[PDB]
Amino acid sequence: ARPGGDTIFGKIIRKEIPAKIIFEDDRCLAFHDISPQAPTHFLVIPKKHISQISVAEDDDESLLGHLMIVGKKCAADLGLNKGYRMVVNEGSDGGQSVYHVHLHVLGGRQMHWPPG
């Protein structure tokens, strides 16, 4: 197991391929999504490879919460003052495509209900 894991996100974490990075620290990375579904759409990912939220450990609590705090801070820095939606997809019914935990943050338009 490489730092960052074996998915495409591991290449982003290891800087092998570029991404438009909003924030980085020793625990996580936030970057814009290349297939945006809203005028602003970014991802916050842990540097630790957790494949899916369903396999997260109890002591990954802090890390998961950090993703959300980083998300909210990045949303504010990106000017999302009218609101936004955070999404985590799990497995096939959740529409998860990349098996590395990631938090979507979408805003800049009205989001509708249901959320897919």
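Sequential numbering from 1, following the sequence displayed.
- For the pair 60-68 and 83-91, the record assigns the higher mean C-alpha temperature factor to 60-68.
- The mean C-alpha temperature factor is higher for 8-16 when 102-110 and 8-16 are set side by side.
- When the C-alpha B-factors of 38, 34, 44, 74 are ranked from the entry, the top spot goes to 34.
- In the PDB entry, a CA B factor belonging to the lowest third of its chain's modelled residues is recorded for residue 30.
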